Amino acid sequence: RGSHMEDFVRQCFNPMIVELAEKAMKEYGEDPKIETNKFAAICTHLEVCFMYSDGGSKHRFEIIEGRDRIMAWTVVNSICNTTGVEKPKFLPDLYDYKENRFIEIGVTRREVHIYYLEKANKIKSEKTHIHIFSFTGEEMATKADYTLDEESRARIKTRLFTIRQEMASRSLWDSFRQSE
């Protein structure tokens, strides 16, 4: 079953981002052939974390998302026994060396309020920072500390809205929005 969402994701995202998404889905027992909306979601999430790490300075962020489970953990432990930060209960996305805290990036289709409420209740470990983006343009972070500057986050929102426009122009946005 070859879907339109799959071919659009392959045409829309970076080949390496696509490959990393495929590796993650297959590692967690999911099929990008049929789990197409999830495939698109993890592609957007990967690109957003990569642009996020692109912001800031040179040695600012350590990248956890993208790495496979065991190695991503290994880096989390290295960072913990180096800086002395509480080991998070679940795998985060990045680590800020300048602010000395883990970062859980979030990309949501609906209201940022609901999404951050859910992920903050599911995290509980209030040490790690939370930064939520949305396709419609909103963003919201812990303590209103949006970590990066305004221009990088504006870039991220522009990319998200471009992806949303492409999905809508291919008659694929409605199935994507009702997926989360």
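Residue indices: 1-based, along the sequence shown.
Colleague: Do the C-alpha atoms of 49-57 or of 107-115 have the higher average B factor in the entry?
Modeller: On average, C-alpha B-factors are higher across 107-115.
Colleague: Using only the Cα atoms and their B-factors as the entry lists them, report which of 120-128 and 37-45 averages higher.
Modeller: The deposited B-factors put 120-128 ahead on the C-alpha mean.
Colleague: Which third of the chain does residue 154 land in by C-alpha B-factor: lowest, middle or highest?
Modeller: It belongs to the middle third of the chain when residues are ordered by C-alpha B-factor.
Colleague: Taking the C-alpha B-factors as the PDB entry records them, is residue 79 in the lowest, middle or highest third of its chain?
Modeller: For residue 79, whose C-alpha B-factor we compare with every modelled residue in the chain, the answer is the middle third.
Colleague: Mind checking which third residue 72 falls in for C-alpha B-factor across the chain?
Modeller: CA B-factor rank for residue 72: middle third.
Colleague: Please rank the C-alpha B-factors of the chain's modelled residues and tell me whether residue 85 sits in the lowest, middle or highest third.
Modeller: Residue 85: CA B-factor falls in the highest third of its chain.
Colleague: Where does the C-alpha B-factor of residue 27 rank in its chain, lowest, middle or highest third?
Modeller: Within its chain, residue 27 is a middle-third residue by C-alpha B-factor, going by the deposited values.
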